[PDB]
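start.csv (CSV, C-alpha atoms) appears below.
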chain,number,residue,atom,x,y,z
A,154,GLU,CA,40.6,-1.3,-37.7
A,155,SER,CA,39.6,1.4,-40.1
A,156,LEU,CA,39.2,5.2,-40.2
A,157,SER,CA,35.8,6.8,-40.5
A,158,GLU,CA,34.8,8.8,-43.5
A,159,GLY,CA,35.0,12.0,-41.5
A,160,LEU,CA,38.5,11.3,-40.3
A,161,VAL,CA,39.6,10.4,-43.8
A,162,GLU,CA,38.2,13.7,-45.0
A,163,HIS,CA,40.0,15.5,-42.1
A,164,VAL,CA,43.3,13.9,-43.1
A,165,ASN,CA,42.9,14.8,-46.8
A,166,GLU,CA,41.8,18.4,-46.0
A,167,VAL,CA,44.8,18.9,-43.6
A,168,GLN,CA,47.1,17.4,-46.3
A,169,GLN,CA,45.8,20.0,-48.8
A,170,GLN,CA,46.1,22.9,-46.4
A,171,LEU,CA,49.6,22.1,-45.0
A,172,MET,CA,50.9,21.6,-48.6
A,173,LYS,CA,49.7,25.1,-49.4
A,174,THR,CA,51.0,26.7,-46.3
A,175,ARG,CA,54.6,25.5,-46.5
A,176,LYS,CA,54.8,26.4,-50.2
A,177,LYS,CA,53.6,29.9,-49.6
A,178,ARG,CA,56.3,30.7,-47.1
A,179,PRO,CA,59.0,27.9,-46.6
A,180,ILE,CA,61.1,30.3,-44.5
A,181,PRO,CA,59.2,32.4,-42.0
A,182,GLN,CA,60.3,36.0,-41.6
A,183,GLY,CA,62.9,36.3,-38.8
A,184,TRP,CA,64.2,32.8,-38.9
A,185,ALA,CA,67.6,31.8,-37.6
A,186,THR,CA,70.4,32.3,-40.1
A,187,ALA,CA,73.3,30.0,-40.7
A,188,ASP,CA,75.5,32.2,-38.6
A,189,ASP,CA,72.9,32.3,-35.8
A,190,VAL,CA,73.0,28.4,-35.7
A,191,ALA,CA,76.8,28.2,-35.9
A,192,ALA,CA,77.0,30.6,-32.9
A,193,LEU,CA,74.7,28.4,-30.7
A,194,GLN,CA,76.1,27.8,-27.3
A,195,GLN,CA,74.8,27.1,-23.8
A,196,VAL,CA,72.9,30.0,-22.3
A,197,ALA,CA,71.0,28.3,-19.5
A,198,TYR,CA,70.7,24.9,-17.8
A,199,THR,CA,69.0,23.4,-14.8
A,200,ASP,CA,68.5,20.1,-13.0
A,201,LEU,CA,65.1,18.7,-13.6
A,202,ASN,CA,63.3,16.6,-11.1
A,203,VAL,CA,63.2,13.5,-13.4
A,204,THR,CA,66.2,11.2,-13.8
A,205,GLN,CA,66.8,8.4,-16.3
A,206,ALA,CA,65.4,10.8,-19.0
A,207,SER,CA,64.1,9.0,-22.1
A,208,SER,CA,62.3,11.5,-24.2
A,209,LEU,CA,61.8,15.2,-24.8
A,210,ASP,CA,59.2,17.3,-26.6
A,211,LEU,CA,58.9,21.1,-26.9
A,212,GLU,CA,56.0,23.4,-27.7
A,213,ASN,CA,55.9,27.2,-27.3
A,214,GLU,CA,59.1,27.1,-25.2
A,215,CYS,CA,57.6,24.5,-22.9
A,216,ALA,CA,59.5,21.2,-22.6
A,217,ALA,CA,58.1,17.9,-21.5
A,218,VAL,CA,60.7,15.3,-20.3
A,219,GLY,CA,59.7,11.7,-19.5
A,220,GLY,CA,61.9,9.3,-17.5
A,221,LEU,CA,62.3,5.6,-16.9
A,222,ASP,CA,62.0,6.5,-13.2
A,223,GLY,CA,58.2,6.9,-13.9
A,224,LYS,CA,58.2,10.7,-13.7
A,225,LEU,CA,57.3,13.4,-16.2
A,226,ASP,CA,58.6,17.0,-15.8
A,227,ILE,CA,57.3,20.2,-17.4
A,228,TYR,CA,59.9,22.9,-17.8
A,229,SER,CA,59.5,26.5,-18.9
A,230,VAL,CA,62.4,27.6,-21.1
A,231,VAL,CA,61.7,31.3,-20.7
A,232,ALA,CA,61.1,31.2,-16.9
A,233,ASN,CA,63.9,28.6,-16.5
A,234,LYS,CA,61.6,26.8,-14.1
A,235,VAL,CA,60.5,23.3,-13.5
A,236,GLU,CA,56.7,23.9,-13.6
A,237,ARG,CA,55.3,20.6,-12.7
A,238,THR,CA,56.2,16.9,-12.0
A,239,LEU,CA,53.7,14.2,-12.8
A,240,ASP,CA,54.1,10.9,-11.0
A,241,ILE,CA,53.3,8.4,-13.8
A,242,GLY,CA,54.2,5.3,-11.8
A,243,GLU,CA,55.4,3.4,-14.9
A,244,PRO,CA,58.6,4.0,-16.9
A,245,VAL,CA,57.9,6.6,-19.5
A,246,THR,CA,59.2,5.6,-22.9
A,247,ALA,CA,57.8,8.4,-25.1
A,248,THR,CA,56.6,11.9,-24.7
A,249,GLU,CA,54.8,14.3,-27.0
A,250,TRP,CA,52.8,17.5,-26.8
A,251,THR,CA,49.2,17.6,-28.1
A,252,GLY,CA,48.2,21.3,-27.9
A,253,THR,CA,48.2,22.2,-24.2
A,254,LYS,CA,48.2,18.5,-23.2
A,255,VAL,CA,51.1,16.0,-22.8
A,256,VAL,CA,50.9,12.4,-24.1
A,257,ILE,CA,53.2,9.7,-22.8
A,258,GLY,CA,53.8,6.0,-23.6
A,259,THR,CA,55.0,3.6,-21.0
A,260,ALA,CA,56.9,0.4,-20.7
A,261,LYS,CA,53.7,-1.4,-19.7
A,262,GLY,CA,51.9,-0.7,-22.9
A,263,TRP,CA,49.8,2.4,-21.9
A,264,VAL,CA,49.3,5.6,-23.7
A,265,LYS,CA,48.2,8.4,-21.3
A,266,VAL,CA,47.2,12.0,-21.9
A,267,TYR,CA,47.5,14.6,-19.2
A,268,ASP,CA,45.9,18.0,-18.8
A,269,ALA,CA,47.8,20.2,-16.3
A,270,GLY,CA,48.7,17.3,-13.9
A,271,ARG,CA,45.5,15.3,-14.4
A,272,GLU,CA,44.8,12.3,-16.5
A,273,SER,CA,42.4,13.2,-19.3
A,274,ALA,CA,42.5,10.0,-21.4
A,275,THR,CA,44.2,6.6,-21.1
A,276,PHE,CA,44.5,3.6,-23.4
A,277,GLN,CA,46.0,0.2,-22.7
A,278,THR,CA,46.7,-0.6,-26.3
A,279,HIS,CA,50.1,-2.4,-26.6
A,280,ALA,CA,51.5,-5.6,-25.2
A,281,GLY,CA,54.8,-4.6,-23.6
A,282,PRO,CA,56.4,-1.2,-24.2
A,283,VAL,CA,55.1,1.7,-26.2
A,284,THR,CA,58.3,2.6,-28.1
A,285,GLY,CA,57.2,5.8,-29.9
A,286,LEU,CA,54.4,8.3,-30.3
A,287,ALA,CA,53.6,10.7,-33.2
A,288,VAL,CA,51.1,13.6,-33.3
A,289,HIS,CA,49.4,14.1,-36.6
A,290,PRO,CA,49.9,17.7,-37.9
A,291,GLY,CA,46.1,18.2,-38.1
A,292,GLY,CA,46.0,18.1,-34.3
A,293,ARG,CA,43.4,15.4,-34.0
A,294,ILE,CA,45.1,12.0,-34.7
A,295,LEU,CA,47.7,10.4,-32.4
A,296,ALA,CA,49.8,7.4,-33.2
A,297,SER,CA,51.6,4.9,-31.0
A,298,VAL,CA,53.9,2.0,-31.9
A,299,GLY,CA,55.1,-0.9,-29.9
A,300,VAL,CA,57.5,-3.8,-29.7
A,301,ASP,CA,54.3,-5.8,-30.2
A,302,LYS,CA,54.7,-4.9,-34.0
A,303,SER,CA,51.5,-2.9,-34.0
A,304,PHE,CA,50.7,0.8,-34.6
A,305,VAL,CA,47.6,2.4,-33.2
A,306,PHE,CA,45.8,5.6,-34.2
A,307,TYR,CA,43.7,7.6,-31.7
A,308,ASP,CA,41.2,10.4,-32.3
A,309,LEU,CA,42.0,12.9,-29.6
A,310,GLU,CA,38.7,14.8,-30.3
A,311,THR,CA,36.5,11.7,-29.4
A,312,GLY,CA,39.1,10.2,-27.0
A,313,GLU,CA,38.9,6.8,-28.7
A,314,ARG,CA,41.2,4.4,-30.5
A,315,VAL,CA,40.2,4.4,-34.1
A,316,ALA,CA,42.5,2.1,-36.0
A,317,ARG,CA,45.3,-0.5,-35.6
A,318,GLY,CA,47.8,-1.8,-38.1
A,319,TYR,CA,50.4,-4.5,-37.9
A,320,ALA,CA,54.0,-4.7,-39.2
A,321,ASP,CA,56.2,-7.8,-39.8
A,322,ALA,CA,58.7,-6.7,-37.1
A,323,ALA,CA,58.9,-5.0,-33.7
A,324,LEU,CA,58.5,-1.2,-34.1
A,325,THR,CA,60.9,1.2,-32.5
A,326,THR,CA,59.9,4.8,-33.4
A,327,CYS,CA,57.5,6.6,-35.6
A,328,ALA,CA,56.7,9.9,-37.3
A,329,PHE,CA,54.1,11.6,-39.5
A,330,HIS,CA,55.0,13.3,-42.7
A,331,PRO,CA,54.7,17.1,-42.4
A,332,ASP,CA,51.5,17.0,-44.6
A,333,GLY,CA,50.1,14.1,-42.5
A,334,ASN,CA,49.0,11.6,-45.2
A,335,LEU,CA,52.0,9.3,-44.7
A,336,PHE,CA,53.0,7.6,-41.4
A,337,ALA,CA,56.5,6.1,-40.9
A,338,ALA,CA,57.5,3.5,-38.4
A,339,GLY,CA,61.1,2.2,-37.8
A,340,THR,CA,61.7,-1.5,-37.2
A,341,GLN,CA,64.0,-3.4,-34.9
A,342,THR,CA,65.2,-5.2,-38.0
A,343,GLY,CA,66.5,-2.0,-39.6
A,344,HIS,CA,63.8,-0.8,-42.0
A,345,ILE,CA,61.6,2.3,-42.2
A,346,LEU,CA,58.0,1.3,-43.2
A,347,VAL,CA,55.8,4.0,-44.7
A,348,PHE,CA,52.0,3.7,-44.5
A,349,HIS,CA,49.1,5.7,-46.0
A,350,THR,CA,47.5,7.4,-43.0
A,351,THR,CA,43.8,7.0,-44.1
A,352,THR,CA,44.1,3.3,-44.9
A,353,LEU,CA,47.0,2.1,-42.7
A,354,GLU,CA,48.2,0.2,-45.8
A,355,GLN,CA,51.9,-0.1,-46.2
A,356,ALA,CA,53.1,1.8,-49.3
A,357,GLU,CA,56.9,1.2,-49.2
A,358,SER,CA,59.9,0.2,-47.1
A,359,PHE,CA,63.3,1.7,-46.9
A,360,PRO,CA,66.5,-0.1,-45.8
A,361,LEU,CA,69.0,1.1,-43.1
A,362,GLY,CA,70.1,-2.2,-41.5
A,363,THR,CA,70.3,-1.4,-37.8
A,364,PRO,CA,67.4,-0.9,-35.3
A,365,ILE,CA,65.8,2.4,-36.1
A,366,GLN,CA,66.7,4.8,-33.2
A,367,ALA,CA,65.4,8.1,-34.5
A,368,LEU,CA,63.3,9.3,-37.4
A,369,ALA,CA,62.4,12.8,-38.7
A,370,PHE,CA,60.8,14.1,-41.9
A,371,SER,CA,61.9,17.3,-43.6
A,372,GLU,CA,59.4,20.0,-44.2
A,373,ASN,CA,60.5,19.9,-47.8
A,374,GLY,CA,58.0,16.9,-48.1
A,375,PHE,CA,60.3,14.4,-49.8
A,376,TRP,CA,63.2,13.7,-47.4
A,377,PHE,CA,63.3,12.0,-44.1
A,378,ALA,CA,66.3,11.2,-41.8
A,379,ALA,CA,66.9,8.0,-39.9
A,380,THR,CA,69.7,6.6,-37.8
A,381,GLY,CA,70.3,3.1,-36.4
A,382,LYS,CA,71.4,1.9,-33.0
A,383,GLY,CA,75.1,1.5,-32.7
A,384,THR,CA,75.9,3.7,-35.7
A,385,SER,CA,77.6,7.1,-35.9
A,386,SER,CA,75.8,8.6,-39.0
A,387,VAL,CA,72.4,9.8,-40.1
A,388,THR,CA,71.0,8.8,-43.5
A,389,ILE,CA,68.8,11.0,-45.6
A,390,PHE,CA,66.2,9.1,-47.6
A,391,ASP,CA,64.3,10.5,-50.7
A,392,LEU,CA,60.6,9.4,-50.7
A,393,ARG,CA,60.6,9.8,-54.5
A,394,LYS,CA,63.1,6.9,-54.9
A,395,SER,CA,62.9,3.2,-54.0
A,396,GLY,CA,65.0,0.7,-52.1
A,397,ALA,CA,68.7,1.2,-51.3
A,398,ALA,CA,68.8,3.9,-54.0
A,399,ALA,CA,66.6,6.1,-51.8
A,400,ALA,CA,69.5,6.7,-49.4
A,401,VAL,CA,70.8,9.9,-50.9
A,402,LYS,CA,73.1,11.2,-48.2
A,403,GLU,CA,75.0,9.9,-45.2
A,404,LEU,CA,76.0,12.5,-42.6
A,405,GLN,CA,78.8,11.9,-40.1
A,406,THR,CA,77.2,12.7,-36.7
A,407,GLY,CA,78.5,10.5,-34.0
A,408,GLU,CA,75.9,8.5,-32.0
A,409,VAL,CA,72.4,10.0,-32.6
A,410,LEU,CA,69.7,9.2,-30.0
A,411,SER,CA,67.4,12.1,-31.1
A,412,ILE,CA,66.9,14.2,-34.2
A,413,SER,CA,65.1,17.5,-34.5
A,414,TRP,CA,64.7,18.9,-38.1
A,415,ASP,CA,63.6,22.5,-38.0
A,416,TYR,CA,60.6,24.0,-39.7
A,417,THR,CA,62.5,25.3,-42.6
A,418,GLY,CA,64.3,22.0,-43.3
A,419,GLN,CA,67.7,23.8,-43.1
A,420,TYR,CA,68.8,22.6,-39.7
A,421,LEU,CA,68.9,18.9,-38.7
A,422,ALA,CA,69.9,18.8,-35.0
A,423,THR,CA,71.2,15.6,-33.4
A,424,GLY,CA,72.1,14.6,-30.0
A,425,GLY,CA,73.6,11.4,-28.4
A,426,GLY,CA,76.2,10.1,-26.0
A,427,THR,CA,79.0,12.0,-27.6
A,428,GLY,CA,77.3,15.3,-27.9
A,429,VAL,CA,75.1,17.6,-30.0
A,430,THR,CA,75.5,18.5,-33.7
A,431,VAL,CA,73.6,20.5,-36.3
A,432,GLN,CA,73.8,19.4,-39.9
A,433,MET,CA,72.8,22.3,-42.2
A,434,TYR,CA,71.4,21.9,-45.7
A,435,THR,CA,72.1,25.0,-47.8
A,436,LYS,CA,69.5,24.7,-50.7
A,437,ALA,CA,71.1,27.4,-52.8
A,438,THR,CA,74.3,25.3,-53.1
A,439,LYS,CA,72.6,21.9,-52.6
A,440,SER,CA,75.3,21.1,-50.0
A,441,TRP,CA,75.5,19.9,-46.4
A,442,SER,CA,77.8,21.2,-43.7
A,443,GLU,CA,78.1,21.0,-39.9
A,444,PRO,CA,78.0,24.5,-38.2
A,445,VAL,CA,77.6,23.0,-34.7
A,446,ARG,CA,79.5,20.3,-32.8
A,447,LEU,CA,79.3,20.3,-29.0
A,448,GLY,CA,80.5,17.7,-26.6
A,449,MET,CA,77.6,17.5,-24.0
A,450,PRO,CA,76.0,14.1,-23.9
A,451,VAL,CA,72.2,14.2,-24.3
A,452,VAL,CA,69.3,11.9,-25.0
A,453,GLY,CA,66.9,14.4,-26.7
A,454,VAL,CA,67.1,17.6,-28.7
A,455,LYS,CA,64.3,19.9,-29.9
A,456,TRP,CA,64.4,23.2,-31.8
A,457,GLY,CA,62.8,26.2,-30.1
A,458,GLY,CA,61.3,29.2,-31.7
A,459,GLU,CA,62.6,30.3,-35.1
A,460,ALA,CA,65.5,27.7,-34.5
A,461,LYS,CA,67.1,30.5,-32.5
A,462,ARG,CA,67.3,28.1,-29.5
A,463,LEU,CA,68.0,24.4,-29.2
A,464,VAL,CA,66.7,22.7,-26.1
A,465,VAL,CA,68.5,19.5,-25.1
A,466,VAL,CA,68.3,17.1,-22.1
A,467,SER,CA,70.8,14.6,-20.6
A,468,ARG,CA,69.9,11.1,-19.3
A,469,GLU,CA,70.6,12.4,-15.7
A,470,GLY,CA,67.9,15.0,-16.2
A,471,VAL,CA,69.9,18.2,-16.9
A,472,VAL,CA,68.0,20.4,-19.4
A,473,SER,CA,70.2,22.9,-21.4
A,474,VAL,CA,69.2,25.7,-23.7
A,475,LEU,CA,71.6,26.5,-26.5
A,476,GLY,CA,71.1,30.0,-27.9
A,477,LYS,CA,72.6,33.4,-28.6
A,478,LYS,CA,74.9,34.3,-25.7
A,479,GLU,CA,74.3,37.7,-24.2
Would you write the structure of this file as structure tokens?
Amino acid sequence: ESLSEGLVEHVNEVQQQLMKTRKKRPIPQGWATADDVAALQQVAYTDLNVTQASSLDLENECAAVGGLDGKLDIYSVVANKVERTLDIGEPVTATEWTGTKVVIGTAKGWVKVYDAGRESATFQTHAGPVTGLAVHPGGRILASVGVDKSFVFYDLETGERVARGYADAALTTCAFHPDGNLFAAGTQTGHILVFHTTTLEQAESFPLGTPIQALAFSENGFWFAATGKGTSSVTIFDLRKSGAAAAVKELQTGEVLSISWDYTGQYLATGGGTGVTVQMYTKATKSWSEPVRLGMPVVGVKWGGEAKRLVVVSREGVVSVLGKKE
């Protein structure tokens, strides 16, 4: 399916505005310093209601955690409280915030949006599991990908599916470019496919070689990070290059199930079965380092405000906040 002229214009206007915004101030005032990040340690933790946690998203210090047990928990970082449990009744395979609402994907091919505990929109759009979700930075378009090799776009303003594209392989994860006019989907066969958002046409493919487990763009607009199942590293790809030559950096991370690249593009957080890391890119010296390495096994990580907190969750449903102690 194809995008309406009005949605195309929206994507192109959002692209223009987000390009301007990040270039005016790449580093917001008050952001976490390198020493702040290096000093990160656990300052709080609590047991969620969910177990078999699969996915985490964070917005304004509010965490949403979906589980393969068919539950979705909402957790307040600042109140240190589980605020709500939603009984989905299907294993939750992906979780994302859309403004004040939470979107989930399920093992049964459903994408569902919730407004404070109530369904507000549902779509049965995939055959078998939804494997990933991505929220377009304009706040209107939602994307889902599935093992059924398709990716679907939705218009949250109208509550309708608006487009569907197909890949040559089962899809495992996805992400929008920070400016929104590119959409990336990882494949089970080990490639990252990049599509133009308005046309859903594939523009290029990047090789990794293992099923894509996590994917994140940098706010610098030309890098993205990807990691493959069974590997212990993260690869940085340069969108301005092609093929195997586009892999410009390999970072030794251990197993990475989840990546969070902060707004400034300086701090690439990872989490997996052997712990949490932060890989830091220092632009002034064009060099990478690892200020953070902790042992706690996790399945999701997300930067909090100003990258001064990192929120992480284990498969058993323990949410932990890493931050400045005292």
Which value, in Å to one decimal, gives the distance between CA of residue 177 in chain A and CA of residue 371 in chain A?
-> 16.2 Å
Non-local contacts of residue 205 in chain A (10 Å; all atoms listed in the file; under 6 positions in same chain excluded) as an MDAnalysis selection string = chainID A and resid 219:224 244:245 452 467:470
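With all atoms listed in the file as the basis for measurement, A:287 is the residue among A:218, A:187, A:447, A:287 that approaches residue 333 in chain A most closely.
Across the model, the gap from CA of residue 165 in chain A to CA of residue 179 in chain A is 20.8 Å.
Distances from A:164, A:451, A:324, A:368 to residue 471 in chain A were compared using all atoms listed in the file, and the smallest one belongs to A:451.
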N, CA, C and O atoms for range 154-166 of chain A, written as a PDB file, keeping the file's coordinate frame, could you do that?
ATOM      1  N   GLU A 154      41.799  -2.166 -37.629  1.00  0.00           N
ATOM      2  CA  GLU A 154      40.600  -1.300 -37.700  1.00  0.00           C
ATOM      3  C   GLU A 154      40.753  -0.234 -38.719  1.00  0.00           C
ATOM      4  O   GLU A 154      41.845  -0.023 -39.248  1.00  0.00           O
ATOM      5  N   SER A 155      39.655   0.460 -39.024  1.00  0.00           N
ATOM      6  CA  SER A 155      39.600   1.400 -40.100  1.00  0.00           C
ATOM      7  C   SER A 155      39.132   2.767 -39.696  1.00  0.00           C
ATOM      8  O   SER A 155      38.438   2.913 -38.686  1.00  0.00           O
ATOM      9  N   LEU A 156      39.514   3.782 -40.475  1.00  0.00           N
ATOM     10  CA  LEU A 156      39.200   5.200 -40.200  1.00  0.00           C
ATOM     11  C   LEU A 156      37.840   5.554 -40.768  1.00  0.00           C
ATOM     12  O   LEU A 156      37.525   5.190 -41.903  1.00  0.00           O
ATOM     13  N   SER A 157      37.060   6.319 -40.002  1.00  0.00           N
ATOM     14  CA  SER A 157      35.800   6.800 -40.500  1.00  0.00           C
ATOM     15  C   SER A 157      35.906   7.752 -41.635  1.00  0.00           C
ATOM     16  O   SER A 157      36.951   8.377 -41.849  1.00  0.00           O
ATOM     17  N   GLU A 158      34.816   7.878 -42.399  1.00  0.00           N
ATOM     18  CA  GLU A 158      34.800   8.800 -43.500  1.00  0.00           C
ATOM     19  C   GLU A 158      35.163  10.206 -43.124  1.00  0.00           C
ATOM     20  O   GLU A 158      35.916  10.902 -43.815  1.00  0.00           O
ATOM     21  N   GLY A 159      34.649  10.643 -41.973  1.00  0.00           N
ATOM     22  CA  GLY A 159      35.000  12.000 -41.500  1.00  0.00           C
ATOM     23  C   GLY A 159      36.417  12.165 -41.132  1.00  0.00           C
ATOM     24  O   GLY A 159      36.991  13.232 -41.361  1.00  0.00           O
ATOM     25  N   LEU A 160      37.037  11.143 -40.544  1.00  0.00           N
ATOM     26  CA  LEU A 160      38.500  11.300 -40.300  1.00  0.00           C
ATOM     27  C   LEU A 160      39.292  11.199 -41.526  1.00  0.00           C
ATOM     28  O   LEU A 160      40.325  11.871 -41.620  1.00  0.00           O
ATOM     29  N   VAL A 161      38.861  10.415 -42.516  1.00  0.00           N
ATOM     30  CA  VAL A 161      39.600  10.400 -43.800  1.00  0.00           C
ATOM     31  C   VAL A 161      39.519  11.787 -44.430  1.00  0.00           C
ATOM     32  O   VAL A 161      40.542  12.311 -44.890  1.00  0.00           O
ATOM     33  N   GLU A 162      38.331  12.398 -44.451  1.00  0.00           N
ATOM     34  CA  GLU A 162      38.200  13.700 -45.000  1.00  0.00           C
ATOM     35  C   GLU A 162      39.046  14.749 -44.259  1.00  0.00           C
ATOM     36  O   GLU A 162      39.622  15.656 -44.870  1.00  0.00           O
ATOM     37  N   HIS A 163      39.145  14.607 -42.933  1.00  0.00           N
ATOM     38  CA  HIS A 163      40.000  15.500 -42.100  1.00  0.00           C
ATOM     39  C   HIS A 163      41.465  15.349 -42.584  1.00  0.00           C
ATOM     40  O   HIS A 163      42.149  16.350 -42.824  1.00  0.00           O
ATOM     41  N   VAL A 164      41.949  14.109 -42.719  1.00  0.00           N
ATOM     42  CA  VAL A 164      43.300  13.900 -43.100  1.00  0.00           C
ATOM     43  C   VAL A 164      43.574  14.508 -44.499  1.00  0.00           C
ATOM     44  O   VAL A 164      44.586  15.175 -44.724  1.00  0.00           O
ATOM     45  N   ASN A 165      42.646  14.308 -45.426  1.00  0.00           N
ATOM     46  CA  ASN A 165      42.900  14.800 -46.800  1.00  0.00           C
ATOM     47  C   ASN A 165      42.764  16.339 -46.820  1.00  0.00           C
ATOM     48  O   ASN A 165      43.481  16.972 -47.596  1.00  0.00           O
ATOM     49  N   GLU A 166      41.919  16.948 -45.980  1.00  0.00           N
ATOM     50  CA  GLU A 166      41.800  18.400 -46.000  1.00  0.00           C
ATOM     51  C   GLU A 166      43.082  19.020 -45.344  1.00  0.00           C
ATOM     52  O   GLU A 166      43.609  20.027 -45.839  1.00  0.00           O
TER      53      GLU A 166
END
